[PDB]
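Next up: a single chain in structure tokens, the form deposited without ligand 0OC.
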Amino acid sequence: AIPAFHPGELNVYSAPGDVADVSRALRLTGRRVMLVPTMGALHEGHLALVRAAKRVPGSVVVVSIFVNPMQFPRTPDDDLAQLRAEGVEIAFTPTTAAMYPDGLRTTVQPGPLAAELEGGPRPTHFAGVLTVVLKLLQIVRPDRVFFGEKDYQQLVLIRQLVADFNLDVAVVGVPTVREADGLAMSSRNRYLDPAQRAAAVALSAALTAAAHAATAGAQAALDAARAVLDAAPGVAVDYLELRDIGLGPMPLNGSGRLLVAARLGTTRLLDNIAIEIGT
């Protein structure tokens, strides 16, 4: 006997079998299930994942909120009021024991991309993320799953998961939401003192400088970015990397993605941007 679903309001479920039943049962009524997986502490970035999911005709929106200890802020009532306010019908808020009842056992092993870039400082981060995402996919069985482009390496790895395991979901990447000066929305931004928040602008400045310098080629794009980062105090750059769209080596011409990460005090920030060489 299917758990109660109240159409047009915010239905919260902690039990994975519950949301699974509501989901299956809604699919059959003709709704398309959309999954927005989050760690909670929601900001405008998350509301844009939600918004893109609501505009699918016939959509019902599932937002998961789960702090995944496997890969690594806890505003629980706030988060729900924020989803209520977006017209979201399902929140899935499992516990750690419910997600891992047999503890840590079978896990996803990422390919070699997971040892690069963000995988430098956090070599197990992505195995934990893929493990949890695969689980949510199997619990919710969404037609579409939504991820920010902010975490670009993470999005590419997800697409690799989906491809490699023959998963039957569409992965939608949603452009980064940004503050008025260009800073990419992040849970972390709140830690920045004013000096830091000031210097932080350099990351988005540098990328967009590069995207525009790139009619003059790859080297000019990279040199422009480096100069802008070099103009910022207290910004310790961990990498600045132009890659192909899939994150393999950057081709000679054609589409690319430029990524950067840097520490400002104890806070690590990421940003990335589309790049077209000689275009």
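Start at 1 with the first residue shown and count on from there.
Keep in mind that the form deposited with ligand 0OC bound is not shown, yet the notes after this line are about it.
Only one of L136, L80, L192, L113 comes within 4.5 Å of ligand 0OC in the entry with it bound through a heavy atom, and that residue is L136.
Only one of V237, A216, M39, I245 comes within 4.5 Å of ligand 0OC in the entry with it bound through a heavy atom, and that residue is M39.
Among heavy atoms of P233, some come within 4.5 Å of ligand 0OC in the entry with it bound.
Ligand 0OC is not drawn, but in the entry with it bound it has no heavy atom within 4.5 Å of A98.
The closest heavy atom approach of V67 to ligand 0OC in the entry with it bound falls within 4.5 Å. At the 4.5 Å threshold, heavy atoms of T93 stay clear of ligand 0OC in the entry with it bound, well away from it.
Shown here without ligand 0OC, the chain has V129, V132, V133 in 116 to 135 lying with a heavy atom within 4.5 Å of that partner in the entry with it bound.
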